[PDB]
Amino acid sequence: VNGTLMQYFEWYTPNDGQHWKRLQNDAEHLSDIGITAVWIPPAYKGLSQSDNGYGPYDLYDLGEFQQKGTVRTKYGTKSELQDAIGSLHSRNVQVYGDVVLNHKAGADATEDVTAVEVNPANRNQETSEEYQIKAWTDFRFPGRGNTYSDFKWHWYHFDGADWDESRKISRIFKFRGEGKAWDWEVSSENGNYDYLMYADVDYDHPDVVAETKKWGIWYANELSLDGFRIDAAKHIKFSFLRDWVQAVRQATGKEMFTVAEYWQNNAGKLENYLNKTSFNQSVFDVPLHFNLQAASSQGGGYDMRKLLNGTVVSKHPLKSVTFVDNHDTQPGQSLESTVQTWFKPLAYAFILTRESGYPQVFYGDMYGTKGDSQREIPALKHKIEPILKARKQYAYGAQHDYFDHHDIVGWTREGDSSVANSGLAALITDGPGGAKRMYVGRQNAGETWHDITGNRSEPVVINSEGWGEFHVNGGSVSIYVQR
Ligand SMILES: C[C@H]1O[C@H](O[C@H]2[C@H](O)[C@@H](O)[C@@H](O[C@H]3[C@H](O)[C@@H](O)[C@H](O)O[C@@H]3CO)O[C@@H]2CO)[C@H](O)[C@@H](O)[C@@H]1N[C@H]1C=C(CO)[C@@H](O[C@H]2O[C@H](CO)[C@@H](O[C@H]3O[C@H](C)[C@@H](N[C@H]4C=C(CO)[C@@H](O[C@H]5O[C@H](CO)[C@@H](O[C@H]6O[C@H](C)[C@@H](N[C@H]7C=C(CO)[C@@H](O)[C@H](O)[C@H]7O)[C@H](O)[C@H]6O)[C@H](O)[C@H]5O)[C@H](O)[C@H]4O)[C@H](O)[C@H]3O)[C@H](O)[C@H]2O)[C@H](O)[C@H]1O
Ligand SMILES: [Ca+2]
Ligand SMILES: [Ca+2]
Ligand SMILES: [Ca+2]
Ligand SMILES: [Ca+2]
Ligand code: NA
């Protein structure tokens, strides 16, 4: 069966402590529609109860210790999470955990540290003389004590921070100490993009490297995870990420599929990341997200023949995770660049019914977003579910592409004799509707095919040579399959 990932959260999920129970209750539904793996949000204790998990305080607290004024995380308790994972696994759905290793947030106390300021546009350049600051770097875990790990964090485990508690000023501070320097290799944007936010972990420090590998193995084992989503990969030493993934795989004996978030609209830089990590993990296809967004926002003027230009999926199809939108590109968020609603079903047909890429469905697109703008994403599950059914049951076999018009483009799948009645013909258009003659395979000659989306009511008959004349409405999608 075709694999399909689902990101199971949106930025504005409520702080009601019931998210793990929601997931548990949705397991049957997710398996029924064709989801084969779920990416869950960071499940460890953040600097406050309402943190989404990207300001992680204690990686060993999965919602069971009294820290930061709460036992549960935003999403629920550890036992609730283990019950959700149990329900998914009983329905043959895998679970990938989000891993936030670039920084730590919410230190228990400050420490005195010697530091220099650096140029925000070129972090290799020092711009001040050294001086003393008070940085938030002492992590003691008073609610956990030494349960699971007795490692405590201090300033010397970090490379820098962006807040001095003594003068109350925000600058990028690089710490002074033995062999201190920004890590390499990382993105060369801003000269060196190791520093992002909070207290930056030093992956040159051998105890830190060793402890982080130990945590990785503990986390995969405690929750029985099947893979990972690596946060902020452009900001973490590439050879460390390569080796950390290898160490967890070696210790568990599992495949541990891994996808890294390397946020850059440039395939060449993404290819460098793949090379530097020995092709041992996939990346999200950022360039394809931006091509889909561009097509959705040009009112029909985009040249649809160019949708695959510059994308990771056109060059490295087995190492790409394709997506339409996520918790950062949704309205009001940090990487806001939402695919407009009218085009969203066409974008989902493009990533779910083509042979290359491992597609991701976004929670926010299925169930709607609950942010406070006048442009939230509406719930589109009724439009996406028929496309997921097309992937689950019909998108198999040889593919033929028809990117030969500036508005109307399409592709077909001949089907596979081992999946009964498989085969499909998809057409999308960013402009007026029309038709296209496409080949679906002589083995499907004389069959009656119909649009599974319900957008067109007229069925199409495949001629004796394996060709059909397919139609599509304006600004729409049609996916024809065996009636
Ligand atoms: C989002 C994306 O970002 C990056 O992408 C960039 C990209 O790489 C770049 O290229 C560019 O992109 C271009 C593109 O290339 C172009 O082509 C295209 O066209 O345009 C784009 C541009 O749009 O730009 C991109 C954007 O910059 C990155 O590459 C991606 O990977 C990334 N995506 C992923 C990564 C993420 C990060 O993990 C996710 O980000 C999300 O979450 C972030 C974290 O929440 C969020 O960050 C923002 O918000 C943060 C809050 C902020 N932190 C600062 C704030 C601080 C304090 O608030 C500060 O904290 C320090 O100081 C505190 C003291 O004030 C101290 O706390 C102590 O005191 C307090 C009081 C104590 N708490 C007490 C209170 C209580 C509560 O009642 C009690 O509970 C408690 O008991 C009590 O004690 C505490 O205990 C004390 O410790 C702290 O300790 C101290 O650390 C901090 O240091 C500050 O940094 C961030 O800076 C801000 O950025 C992001 O916005 C979210 O998006 C993302 O989701 C991932 O997918
Ligand atoms: Ca370093
Ligand atoms: Ca870093
Ligand atoms: Ca067009
Ligand atoms: Ca057939
Ligand atoms: Na670092």
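Please read every residue number as a count from 1 along the shown chain.
Looking at the header, which is where the method is noted, we find X-ray crystallography, 1.9 Å.
Keep in mind that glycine also has a Cβ here, set from the backbone N, Cα and C atoms.
For reference, Swiss-Prot has these:
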ACT_SITE  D231  active site, nucleophile
ACT_SITE  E261  active site, proton donor
BINDING   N102, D194, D200, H235  Ca(2+) 1 binding site
BINDING   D159, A181, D183, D202, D204  Ca(2+) 2 binding site
BINDING   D159, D183, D194, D200  Na(+) binding site
* Looking only at DSSP and grouping its letters into three states, which state does the residue listed as 'active site, proton donor' belong to? -> coil
* To do: Would you count the other CB atoms within 10 A of the CB of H235 (Ca(2+) 1 binding site), including those on all shown protein chains?
  => 24
* To do: Calculate the distance in Å between the alpha carbons (Cα) of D194 (Ca(2+) 1 binding site) and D183 (Ca(2+) 2 binding site), and round it to a whole number.
  => 6
* If you measure from the C-alpha of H235 (Ca(2+) 1 binding site), which of the binding-site residues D159, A181, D183, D202, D204 fall inside 10 Å? -> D183
* Asked: Quick one: which residues besides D159, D183, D194, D200 have a Cβ within 8 Å of the Na(+) site's Cβ centroid, in sequence order?
  -> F158, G160, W182, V186, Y195, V201, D202, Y203, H235, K237
* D159, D194, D202, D231, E261: which of these recorded positions has the sparsest Cβ neighbourhood within 10 Å? -> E261
* Asked: Cα distance, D200 (Ca(2+) 1 binding site) to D183 (Ca(2+) 2 binding site), nearest Å?
  -> 10
* State the count of C-beta atoms found within 10 angstroms of the C-beta of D200 (Ca(2+) 1 binding site), not counting that atom itself. => 25
* Just jot down the residues in the same chain as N102 (Ca(2+) 1 binding site), at least 6 apart in sequence, with C-beta under 8 A of its C-beta; none if empty. => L196, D200, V201, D231, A232, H235, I236
* Let me know the most crowded of the binding-site residues, choosing from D183, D204 and counting other Cβ atoms within 10 Å. => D183
* Contacting recorded positions for ligand 3, chosen from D159, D202, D204, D231, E261 when the Cβ sits under 6 angstroms of any of its atoms -> none
* Structure fact -> Checking the recorded positions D200, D204, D231 against ligand 1, those whose Cβ falls under 6 Å of one of its atoms come out as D231
* If you draw a 10 Å sphere around the Cβ of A181 (Ca(2+) 2 binding site), how many other Cβ atoms fall inside it, taking every protein chain shown into account? -> 14
* CB-centroid shell, 8 A cutoff, Ca(2+) 1 site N102, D194, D200, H235, site residues removed -> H103, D159, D183, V186, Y193, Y195, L196, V201, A232, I236
* Asked: Where ligand 6 binds, which of the recorded positions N102, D159, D204, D231, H235, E261 are close by, with Cβ under 6 Å?
  -> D159
